[PDB]
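A single chain comes next, written as structure tokens; it is the form deposited without the partner chain.
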């Protein structure tokens, strides 16, 4: 049974959790609490990891880091990355465009100047969301009729960005509607209501935005 190691936060790994749950995949978690950085520094080089980091995925022999390699791998095992170069690259484009939002948040969230940097990010964010709103015009999910992993990436980014600004989706009905549709997927619905859902923090606990024990 594979292992997903990460902090007990949403952060980089939350979209991978959602995808594991959507595929009804078994996995145990190594969850590093806020006060358990020492427990991590003590396992870091003892896991057989060639690029030691968090998150890590361990599928006995397959010993993986980098959250994007991990999410893509799980999708790969279920044959969900694309059937030719073209489709594979559209998925990788969806992927990276979502990351522009999610990393956009992460890159300012630990800054002393978070509050002012917030203004410049929320100015840009409508252009970014519009690309996704247009893609979902006549298209149920990001890649058509079936879920792919960038759907869960997008879901995660909308969730996070709605804490930063509760009104940032009011111009984007198809995006509001996408977020609900992911929530209605029976597997996802059971997970978000379960003991395993980590509601908070969005970021590391020490962050100006999305940190702390509670919202």
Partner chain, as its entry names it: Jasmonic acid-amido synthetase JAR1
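For the two forms, the rigid core is made up of the largest set of C-alpha atoms that agree within 1.5 Å on superposition. Positions refer to the first chain, counted from 1.
Omitted here: the form deposited with the partner chain bound. The next part is about that form.
Undergrad: For a quick test of understanding: in the deposited complex, does each of 173, 183 and 197 have a heavy atom within 4.5 Å of the partner chain?
TA: Each of the three qualifies.
Undergrad: Pick from 189, 33, 165, 29: which has a non-hydrogen atom within 4.5 Å of the partner chain in the deposited complex?
TA: Result of the distance check: 189.
Undergrad: Hey, in the deposited complex, is residue 119 touching the partner chain, heavy atoms inside 4.5 Å?
TA: It does not: once the partner chain is placed as it appears in the deposited complex, residue 119 has no heavy atom within 4.5 Å of it.
Undergrad: Given that the partner is absent here, does residue 177 sit within 4.5 Å of the partner chain in the deposited complex, heavy atoms only?
TA: Output for residue 177 is yes: heavy atoms within 4.5 Å of the partner chain.
Undergrad: Superpose the two forms on their rigid core, then report whether the C-alpha of residue 40 is displaced by 2 angstroms or more between the shown form and the other one.
TA: True for residue 40: a C-alpha shift of 2 Å or more.
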